[PDB]
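If you want the building blocks of each chain, they are given just below.
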Amino acid sequence: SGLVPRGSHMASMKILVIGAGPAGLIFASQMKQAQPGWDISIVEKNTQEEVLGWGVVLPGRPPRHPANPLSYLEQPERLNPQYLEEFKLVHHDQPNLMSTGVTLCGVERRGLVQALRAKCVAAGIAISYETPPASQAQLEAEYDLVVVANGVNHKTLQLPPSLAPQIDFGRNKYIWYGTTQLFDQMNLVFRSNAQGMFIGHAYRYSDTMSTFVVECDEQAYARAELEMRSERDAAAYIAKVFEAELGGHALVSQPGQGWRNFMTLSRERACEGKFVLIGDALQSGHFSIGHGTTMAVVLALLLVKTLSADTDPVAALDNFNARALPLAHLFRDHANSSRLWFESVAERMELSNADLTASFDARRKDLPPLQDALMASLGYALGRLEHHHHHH
Ligand SMILES: Cc1cc2nc3c(=O)[nH]c(=O)nc-3n(C[C@H](O)[C@H](O)[C@H](O)COP(=O)(O)OP(=O)(O)OC[C@H]3O[C@@H](n4cnc5c(N)ncnc54)[C@H](O)[C@@H]3O)c2cc1C
Ligand SMILES: CCCC[C@H](CC)CO
């Protein structure tokens, strides 16, 4: 009974969503909209109040972009998103101002997630918090489908062994800070000092708060002795490194979230048995390309569309795997190309700002464009204008 359900399209479907983050919540709510008679419920391992990170950048003013999760809220303005049109690359303490690609929409992660949870509950999707998911065999025997949307937390779950992740740990160490400095432009700040290489990724996301992600190379992390330093001492050191940008503003990290090597989680299949993966759980990519939540939304929408079709679950999950895996691997490659550029920027500091901007702008040049694949996926997920649904 770990076999994937078969035969016909099911009007009677019992689905568990493991994880109450953007991927799980967009999926659960969009799926319940498409199939109002299905039994969809969410379990979340953490307390309701726990939400990691500070702000996120998202594409466009809502609701222009179907990949922006704010586009799925009736009052996104209540979260006071911040709209950024300019990018400031700081190199050798010299600023270079330029236009962004799409309006960047910075918003608090906590309020985004809480609004999508409340939407899910209002539509009749139950969420159970502090719920360690049951064993595989329990879930297989209790559910028709298990949608695994639990982020990079792979060791917390026992899935079929075909779904075993490939883990790669980044060379830089990073920490996700919040600060009361206000960055009205998206800031990418390169600062080498006697300990090593430090990069700051900063943007305002509320009236009062900015995200300030800091990564450093292994030389900087060892020389600055950041592992032995306390949370406060490390934050004091980093605030001194970035005093030109922060002024006298401080840096805070979230509970239990400290310095990390970025975990690029990859899979070789999106689905097995009753289990199908979306969002970071299917594929994670370095945050330096700004696509994580966008991928969470687009993968969720893709799975909803395949499960909405008049086909059996096995054919639907196969359809998802064959559409989602190529997108996820393209995302991974773009994110890796960016991640690798940041791991080696210490070997590029002699360049001018204009030339470092050009190197940064070219770091994904050899890959097919990620946006082309995203748009193609949304074209499918959103449906097309045709009297009768048919294959293209
Ligand atoms: C430093 C940093 C900066 C980033 N900046 C941005 C940005 O600007 N823009 C952007 O779009 N993205 C950004 N991202 C990426 C973004 O945070 C993720 O890509 C996105 O949240 C993935 O959503 P998700 O739903 O797949 O997973 P998550 O948001 O990780 O949600 C997973 C949920 O499942 C829960 N869970 C885990 N295990 C279990 C279990 N066993 N049972 C039940 N529940 C479980 C977790 O507690 C959590 O609530 C950044 C990431 C980092 C690290
Ligand atoms: C597309 C802009 C992405 C900004 C992101 C902030 C974490 C990385 O620099």
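Along each chain, numbering proceeds from 1 in written sequence order. Entry numbering may differ, and residues lacking coordinates are not shown. Working convention: letters from A go to chains and numbers from 1 go to ligands, in the order in which they are written. Working from all heavy atoms in the structure, the side-chain values ignore hydrogens and water.

For this deposited structure, the header cites X-ray crystallography as the method used and 1.702 Å as the resolution.

The protein is annotated in the PDB entry as VioD from Duganella sp. ZLP-XI. Per the header of the deposited record, the title is "Crystal structure of VioD".

**With respect to the site of ligand 1**
Around ligand 1 there are 29 residues in total, and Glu-44, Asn-46, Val-57, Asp-280 and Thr-293 lie nearest to it. Polar contacts, as counted here, are pairs of nitrogen or oxygen atoms within 3.5 Å of one another; within protein the pair requires one atom able to donate a hydrogen and one able to accept it, and residues that are adjacent in sequence qualify only if both atoms are side-chain atoms. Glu-44 places a side-chain nitrogen or oxygen 2.4 Å from an oxygen atom of ligand 1. At a separation of 3.4 Å, a nitrogen atom of ligand 1 approaches a polar side-chain atom of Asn-150. Contact with the protein chains covers 91% of the free accessible surface of ligand 1, which is 1000 Å². The cutoff for a nearby residue is simple: one of its non-hydrogen atoms must lie within 4 Å of the molecule or strand. Accessible surface is estimated by sampling points in the Shrake-Rupley manner with a 1.4 Å probe; for residues, cover comes only from the protein chains shown.

**Quick notes on the layout of surface pockets**
Throughout, the protein atoms alone are placed on a 1 Å grid, and a set of points is a cavity if a 1.4 Å probe fits but cannot get out or a pocket if it is open with protein on both sides within 12 Å along at least five of seven lines; lining residues have an atom within 4 Å of a point. Grid points are joined across faces, edges and corners, and a volume is the space filled by probe spheres set on the points. Space inside the second largest pocket adds up to approximately 390 Å³. Forming the boundary of the second largest pocket are 17 residues, of which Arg-323, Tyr-380, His-389, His-390 and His-391 lie nearest the centre. Looking at the lining of the second largest pocket, the elements that each hand over two or more residues are helix 7 (292-308), helix 8 (313-343) and helix 10 (370-382). When residues of the lining of the second largest pocket are assigned to their parent elements, the largest contribution, three residues, is made by helix 8. Basically, the charged four are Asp, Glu, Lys and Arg, the nonpolar ten are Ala, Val, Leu, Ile, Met, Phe, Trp, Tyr, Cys and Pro, and anything else, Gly included, counts as polar. In terms of residue class, the lining of the second largest pocket is built from three nonpolar, nine polar and five charged. Only DSSP runs of H or I covering at least 4 residues are called helices, and only runs of E covering at least 2 are called strands; the numbering of each starts at the N terminus.

**Thoughts on the pairing of strand 3 (residues 55-59)**
Partly exposed describes any residue whose relative accessible area lies between the buried limit of under 20% and the exposed limit of over 50%, with all areas from a 1.4 Å probe on protein chains only and scaled to the type maximum. Most of strand 3 is tucked away, with four of its five residues classed as buried. Two strands qualify as a pair provided that DSSP identifies no fewer than 2 bridges between them. Relative to strand 5 (residues 94-108), strand 3 is paired through five bridges, and the arrangement is antiparallel. Considered in strand 5, the bridge of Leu-58 is made with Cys-105.

**Quick look at empty space enclosed by the protein**
In the structure shown here, the tally under the stated rule is two cavities of 30 Å³ or more. For the largest cavity, the calculated volume is near 40 Å³. Lining the largest cavity are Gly-170, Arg-171, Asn-172, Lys-173, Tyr-174, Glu-215, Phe-262, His-286, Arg-339 and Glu-343. Among the secondary structure elements, those contributing two or more residues to the lining of the largest cavity are strand 8 (166-179) and helix 8.

**Regarding the side chain of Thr-103**
Of note, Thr-103 is situated in strand 5. For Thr-103, a relative accessible area of 15% corresponds to the buried category. Throughout, a contact is declared for two residues whenever any of their heavy atoms are within 4.5 Å. Dropping the residues within four chain positions of it, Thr-103 is found in contact with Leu-58, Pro-59, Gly-60, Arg-61, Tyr-83, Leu-84 and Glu-85.

**Section: the site of ligand 2**
The environment of ligand 2 is made up of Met-186, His-201, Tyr-203, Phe-287, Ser-288 and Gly-290. At 2.8 Å, a side-chain N or O of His-201 approaches an oxygen atom of ligand 2. Protein contacts shield 77% of the accessible area of ligand 2, which totals 310 Å² for the unbound molecule. Here the shell around ligand 2 is built from residues that sort into three nonpolar, three polar and no charged. Split by domain, the shell around ligand 2 shows at least three residues from each of two domains, domain 1 (14-76 + 108-168 + 264-382) and domain 2 (171-260). Where each domain begins and ends is defined by an automated method or by a domain database.

**So, the state of the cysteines**
A pair of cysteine sulfur atoms is labelled a disulfide when the two atoms are within 2.5 Å. Evaluated as defined, the whole model comprises zero disulfides. Of the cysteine sulfurs around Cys-105, a residue in no disulfide, the closest is that of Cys-120, at 19 Å.

**Section: the pairing of strand 9 (residues 186-192)**
For strand 9, a buried count of six out of seven residues is recorded, marking the element as mostly surrounded by other parts of the structure. Examined bridge by bridge, strand 4 (residues 82-91) and strand 9 share five bridges and lie parallel to one another. The residue of strand 9 that forms the bridge with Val-90 is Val-189. As paired strands, strand 9 and strand 10 (residues 197-204) are joined by six bridges and run antiparallel to one another. Pairing of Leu-188 across the sheet is with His-201, part of strand 10. Connecting strand 9 to the antiparallel partner strand 10 that follows it, the hairpin turn spans four residues.

**Concerning the sheet that holds strand 15 (residues 275-277)**
A sheet is described by the order of its strands in space; here six strands give the open sequence 6-2-1-7-15-14, paired in mixed fashion. At either end of the open sheet lies a strand with only one pairing partner, and these are strand 6 (126-128) and strand 14 (271-272). Note: strand 14 against strand 15, two bridges, orientation antiparallel. Bridging from a neighbouring strand, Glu-272 pairs with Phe-275 of strand 15.

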